[PDB]
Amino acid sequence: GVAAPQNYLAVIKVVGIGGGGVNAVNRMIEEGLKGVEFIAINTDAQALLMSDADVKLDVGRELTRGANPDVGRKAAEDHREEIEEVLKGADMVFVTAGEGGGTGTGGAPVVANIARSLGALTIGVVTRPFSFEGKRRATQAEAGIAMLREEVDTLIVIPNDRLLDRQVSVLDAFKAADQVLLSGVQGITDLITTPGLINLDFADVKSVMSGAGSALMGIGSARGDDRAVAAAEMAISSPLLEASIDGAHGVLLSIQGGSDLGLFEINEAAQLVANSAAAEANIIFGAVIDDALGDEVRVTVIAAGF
């Protein structure tokens, strides 16, 4: 555990841009994600009214509302000064979106570029659309991700197709997509040392995530005797991570447990993840207590730099 100096308060901002992004940010607010500022950005003013974000930005046109990523790109570039003033002061900025639409696809690279011009550690957390969303959205998402990769420090890409065996509604599918974008953000933020709780220093996260490039995520959860090892096993074998950990230059491990979380099982899960990663990889890990979990252990692995 490191706090240098122990009074340093890191400023973290989570931007949701477009429909999927604004929805994921609201899910983080509902789940009570702490220590971060929430920002919602959309071109559609009506789609911003239910957002509970701290700051809401309508980057659409005057006297009009509202598919095309170029429109999304132009809307964000035309509101560059407005986006800049809401990101000013951040040590770290997350850019989150559901790739495939107009606003998120086109707008997220502009948000990422503004965050980096302010020297923030800039992390993209996006989803690839579900197959049922169709070919055009999948095509637009792929061009959108290629654009965003060039404007962020690290880009976590989560395929929505690897989330959904029983039939789930479109509503349940989109609820699961919000939940996975929250896991991507919370995995990192919950570990960052705060003046009231010493854990992983912001400099350590920055050393792994800064200019790392592409990143993959794995999630796992277990109960019982070997709950920590079994959760870690599930995360390193997760369909979203597609077992590439051996290629990563850096690995971030987040262990979340109940009030009875012991140091021994934390270390067991830590060495299991370390054994799967490359010998020359930088491994940073943190553990946090969420009293609501009970006899459950949740593991999040982020493999960055390939």
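Numbers for residues come from their place in the sequence shown, where the first is 1.
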Between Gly66 and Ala67, the number of deposited residues left without coordinates comes to 4 to 9
Count of coordinate-less deposited residues separating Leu164 and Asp165, as none, 1 to 3, 4 to 9, or 10 or more? 1 to 3
Stretch with the higher entry mean CA B-factor, where the candidates are 9-17 and 284-292: 284-292
Highest mean C-alpha temperature factor of the two stretches 173-181 and 201-209, which is it? 201-209
The residue of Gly60, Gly32, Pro239, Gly35 with the maximal C-alpha B-factor according to the PDB record is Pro239
Which one of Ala120, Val110, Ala228, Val86 shows the biggest C-alpha B-factor in the PDB entry? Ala228
What third of its chain, lowest, middle or highest, does the C-alpha temperature factor of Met217 fall into? middle
Would you mind ranking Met92 by its C-alpha B-factor against the rest of the chain and naming the third, lowest, middle or highest? lowest
Third assignment of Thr43 from its chain's C-alpha B-factors: lowest
Looking at the temperature factor on the CA atom of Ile192, which third of the chain's modelled residues does it land in? middle
Third of the chain's Cα B-factor distribution that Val168 belongs to, per the entry: highest
